[PDB]
Amino acid sequence: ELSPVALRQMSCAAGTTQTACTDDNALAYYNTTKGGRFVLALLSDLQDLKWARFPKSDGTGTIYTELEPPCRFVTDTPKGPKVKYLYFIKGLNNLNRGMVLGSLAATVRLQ
Amino acid sequence: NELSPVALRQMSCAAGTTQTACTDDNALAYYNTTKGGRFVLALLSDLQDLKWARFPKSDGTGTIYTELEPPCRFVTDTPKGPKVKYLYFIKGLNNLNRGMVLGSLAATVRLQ
């Protein structure tokens, strides 16, 4: 059926270009199925990101994914509201967009 | 531009195999608090044969019955041990809202 699979988070590199992916500057929401991680969305403080870099665990190589235009949103932080940017993977369907938003509501102090 | 952020609220509710069979709180409803009215997305229940959910109207006028999709079965890890649960989407729920419920569940519950 549509059995729910756990959405996990991990830090990851992202940048304006693929070469620009420098050091961990974002947080990736991903799925773990079969052999490999399925990244659904990026979470970051930066608003001009276009790419995300992911090294597979086996070290065979690294994966670059195009990012959609970011969805700006606000989180509640002890030091006051903070503005974050939510990047869906390019071409992400609405079902997986929903799962991201559902997981984001649970792992982040929204509004 | 700005993203629409909604928190999935949960509330105990009545359910049954028929509209008349809806009496006690047999399930918990995932809903959204909108400007006015509660928008129910899905039902979570120990029972696997549910078809309707009942919500007495806030205005006191009557009761609302929303029909259920076929249940999705899954196992949660609880202190009492693994518990078989059944997830019912509201009849006709779009894919975004379905993902919202599926994303909230897997982010807040341990699955087997």
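Per-chain numbering applies: from 1 upward along each written sequence, possibly unlike the entry's numbering, with residues missing coordinates excluded. In the order they appear in the text, chains get letters beginning with A and ligands get numbers beginning with 1. Remark: hydrogens and water are excluded; side-chain values derive from all non-hydrogen atoms of the structure.

Quick look at the overall build of chain A
(1) Moving on: What chain A contains, in helices and strands, is one helix and seven strands.
(2) Moving on: For a compact globule the rule gives 2.2 Å times the number of residues to the power 0.38, and the radius of gyration it is set against comes from C-alpha atoms. Taking 13 Å as the expected radius of gyration for a compact globule of 111 residues, we find that chain A reaches 14 Å, a close match to that expectation.
(3) Moving on: When the backbone C-alpha atoms are referred to their principal axes, chain A occupies close to 40 × 40 × 25 Å.
(4) Moving on: Whether a residue is buried, partly exposed or exposed follows from its accessible area with a 1.4 Å probe, protein chains only, as a fraction of its type maximum: under 20%, in between, or over 50%, in that order. Relative to its full complement of 111 residues, chain A shows a buried share of 41%.
(5) Moving on: Intrachain contacts of chain A at a sequence separation of at least 6 include 43% that bridge at least 24 residues.
(6) Moving on: Summed over all atoms, the accessible surface of chain A reaches about 6100 Å², with 50% contributed by carbon and sulfur.
(7) Moving on: For the charge count, each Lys or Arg is scored as positive and each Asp or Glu as negative, with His and the chain ends excluded. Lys charges are placed at NZ, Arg charges at CZ, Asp charges at CG and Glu charges at CD. Across chain A, the centroid of the 13 positively charged side chains sits 3 Å from that of the 9 negatively charged ones. Strands here mean DSSP runs of E at least two residues long; helices mean DSSP runs of H or I at least four residues long; both are numbered from the N terminus. Throughout, a contact is declared for two residues whenever any of their heavy atoms are within 4.5 Å. Where accessible areas are quoted, they stem from the Shrake-Rupley method and a 1.4 Å probe; at the residue level, only the protein chains shown are allowed to cover.

With respect to the interface of chain A and chain B
(1) Moving on: Each partner contributes to the interface: chain A provides 25 residues, whereas chain B provides 21 residues.
(2) Moving on: The term buried area refers to how much accessible surface (probe radius 1.4 Å) is lost by two components on association, counted for both of them together. Counting the surface lost from both chain A and chain B, the interface buries some 1900 Å², and carbon and sulfur atoms represent 71% of this.
(3) Moving on: In what follows, salt bridge is the name for a side-chain nitrogen of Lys or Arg lying within 4 Å of a carboxyl oxygen of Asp or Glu. At the boundary of chain A and chain B, one finds one salt bridge.
(4) Moving on: One salt bridge in this structure joins A:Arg72 and B:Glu2, with 2.8 Å as the shortest N-O distance.
(5) Moving on: Going through the elements one at a time, β6 (71-75) and α1 (94-107) of chain A are the ones with two or more residues in the side of chain A that touches chain B.
(6) Moving on: Top contributing element to the side of chain A that touches chain B by residue count: α1(A), with eleven residues.
(7) Moving on: For the side of chain A that touches chain B, the per-class residue count stands at 16 nonpolar, six polar and three charged. The classification used treats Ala, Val, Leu, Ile, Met, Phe, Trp, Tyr, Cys and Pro as nonpolar, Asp, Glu, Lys and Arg as charged, and all other residues, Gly among them, as polar.

Structural notes on the environment of B:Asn95
(1) Moving on: Tracing the backbone shows B:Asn95 in helix α1 (residues 95-108).
(2) Moving on: B:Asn95 gets classed as partly exposed once you look at its relative accessible area, which sits at 45%.
(3) Moving on: The spacing of B:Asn95 and B:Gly36 is 59 residues in sequence and 23 Å in space, taken between C-alpha atoms.
(4) Moving on: Non-local contacts of B:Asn95, meaning those with residues more than four positions away in its chain, are made with A:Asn94 and A:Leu95.

Structural measurements only, silent on function.
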